[PDB]
Amino acid sequence: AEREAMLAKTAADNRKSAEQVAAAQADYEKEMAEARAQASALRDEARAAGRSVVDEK
Amino acid sequence: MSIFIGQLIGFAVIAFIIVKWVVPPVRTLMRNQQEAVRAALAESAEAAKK
């Protein structure tokens with residue numbers, strides 16, 4: 001029983017290692033995209049505020 | 001004790017036949033199973049490290 005449990009858990013742990021690395025780069029890409037989008041929003045809002053200021057002036 | 005000599009020779013023949021033919025395959029089976037369990041242990045350790 002212990003040997004069978006060892007084999008099953010080893011297979012599950014190989015699958016879990018693969019899934020965990022996969023989720024690793026998935027979350028890395030997701031947060032990088034989030035940061036880039038936030039930077040783009042910063043730039044866009046700054047540009048819009050400057051446009052409004054110059055138009056009013 | 002002539003029958004004792006004859007049956008001793010028969011046992012010697014049986015043992016020679018066993019060592020020549022039967023022992024090698026069963027030894028191979030035991031080695032295969034031992035190697036399989038050893039490989040399973042090594043692979044489990046490698047998986048845990050991974």
# chains A, B, ... in the order shown; residues from 1 in each chain; ligands from 1
call {"tool": "residues_around", "arguments": {"residues": "residue A:7", "least_positions_apart": "2", "cutoff": "12 Å", "atoms": "only C-alpha atoms", "output": "PyMOL selection string"}}
result
(chain A and resi 1-5+9-14) or (chain B and resi 36-37+39-45+47-48)
call {"tool": "decode", "arguments": {"residues": "stretch 13-46 of chain A", "atoms": "N, CA and C atoms", "output": "CSV table (one decimal), in the first residue's frame"}}
result
chain,number,residue,atom,x,y,z
A,13,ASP,N,2.8,14.5,-8.2
A,13,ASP,CA,3.7,15.6,-7.9
A,13,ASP,C,4.4,16.0,-9.2
A,14,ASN,N,4.7,15.1,-10.1
A,14,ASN,CA,5.2,15.5,-11.4
A,14,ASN,C,4.2,16.3,-12.1
A,15,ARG,N,2.9,15.9,-12.2
A,15,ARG,CA,1.9,16.7,-12.8
A,15,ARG,C,1.8,18.0,-12.1
A,16,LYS,N,1.9,18.1,-10.7
A,16,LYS,CA,1.7,19.3,-10.0
A,16,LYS,C,2.9,20.2,-10.3
A,17,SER,N,4.1,19.7,-10.4
A,17,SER,CA,5.3,20.5,-10.8
A,17,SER,C,5.1,21.2,-12.1
A,18,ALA,N,4.6,20.4,-13.1
A,18,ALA,CA,4.3,21.0,-14.4
A,18,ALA,C,3.3,22.0,-14.3
A,19,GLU,N,2.2,21.7,-13.6
A,19,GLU,CA,1.1,22.7,-13.5
A,19,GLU,C,1.5,24.0,-12.8
A,20,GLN,N,2.4,23.8,-11.8
A,20,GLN,CA,2.8,24.9,-11.0
A,20,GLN,C,3.8,25.8,-11.7
A,21,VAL,N,4.7,25.2,-12.5
A,21,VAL,CA,5.5,26.1,-13.4
A,21,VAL,C,4.7,26.8,-14.4
A,22,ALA,N,3.7,26.1,-15.0
A,22,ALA,CA,2.8,26.7,-16.0
A,22,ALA,C,2.1,27.9,-15.4
A,23,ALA,N,1.4,27.7,-14.2
A,23,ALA,CA,0.8,28.8,-13.6
A,23,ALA,C,1.8,29.9,-13.2
A,24,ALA,N,3.1,29.5,-13.0
A,24,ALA,CA,4.1,30.5,-12.7
A,24,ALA,C,4.2,31.5,-13.8
A,25,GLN,N,4.5,30.9,-15.1
A,25,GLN,CA,4.7,31.9,-16.1
A,25,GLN,C,3.3,32.5,-16.5
A,26,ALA,N,2.2,31.8,-16.3
A,26,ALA,CA,0.9,32.4,-16.6
A,26,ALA,C,0.7,33.7,-15.7
A,27,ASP,N,1.0,33.6,-14.4
A,27,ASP,CA,0.8,34.7,-13.5
A,27,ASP,C,1.8,35.8,-13.8
A,28,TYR,N,3.1,35.4,-14.2
A,28,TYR,CA,4.1,36.3,-14.5
A,28,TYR,C,3.6,37.2,-15.7
A,29,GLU,N,3.2,36.5,-16.8
A,29,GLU,CA,2.7,37.2,-17.9
A,29,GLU,C,1.5,38.1,-17.6
A,30,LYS,N,0.5,37.6,-16.8
A,30,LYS,CA,-0.7,38.3,-16.5
A,30,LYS,C,-0.3,39.6,-15.7
A,31,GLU,N,0.6,39.5,-14.7
A,31,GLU,CA,0.9,40.7,-14.0
A,31,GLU,C,1.8,41.7,-14.8
A,32,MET,N,2.6,41.1,-15.7
A,32,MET,CA,3.4,42.0,-16.6
A,32,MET,C,2.4,42.8,-17.5
A,33,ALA,N,1.4,42.1,-18.0
A,33,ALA,CA,0.5,42.8,-18.9
A,33,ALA,C,-0.3,43.8,-18.1
A,34,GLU,N,-0.7,43.5,-16.8
A,34,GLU,CA,-1.4,44.4,-16.0
A,34,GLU,C,-0.5,45.7,-15.7
A,35,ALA,N,0.7,45.5,-15.4
A,35,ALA,CA,1.6,46.6,-15.2
A,35,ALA,C,1.8,47.5,-16.4
A,36,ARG,N,1.9,46.8,-17.6
A,36,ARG,CA,2.1,47.6,-18.8
A,36,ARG,C,0.8,48.4,-19.1
A,37,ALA,N,-0.4,47.7,-18.9
A,37,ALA,CA,-1.6,48.4,-19.1
A,37,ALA,C,-1.8,49.6,-18.2
A,38,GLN,N,-1.4,49.4,-16.9
A,38,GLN,CA,-1.4,50.5,-15.9
A,38,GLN,C,-0.5,51.7,-16.4
A,39,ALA,N,0.7,51.3,-16.9
A,39,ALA,CA,1.6,52.4,-17.4
A,39,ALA,C,0.9,53.1,-18.6
A,40,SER,N,0.3,52.4,-19.5
A,40,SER,CA,-0.4,53.0,-20.6
A,40,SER,C,-1.5,53.9,-20.1
A,41,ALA,N,-2.2,53.5,-19.1
A,41,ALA,CA,-3.3,54.3,-18.6
A,41,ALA,C,-2.7,55.6,-17.9
A,42,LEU,N,-1.6,55.5,-17.2
A,42,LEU,CA,-0.9,56.6,-16.7
A,42,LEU,C,-0.6,57.6,-17.8
A,43,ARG,N,0.1,57.1,-18.9
A,43,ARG,CA,0.5,58.0,-20.0
A,43,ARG,C,-0.7,58.6,-20.6
A,44,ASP,N,-1.8,57.9,-20.8
A,44,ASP,CA,-3.0,58.4,-21.5
A,44,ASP,C,-3.7,59.4,-20.7
A,45,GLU,N,-3.8,59.2,-19.4
A,45,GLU,CA,-4.5,60.2,-18.5
A,45,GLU,C,-3.6,61.5,-18.4
A,46,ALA,N,-2.3,61.3,-18.3
A,46,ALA,CA,-1.4,62.5,-18.3
A,46,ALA,C,-1.6,63.3,-19.6
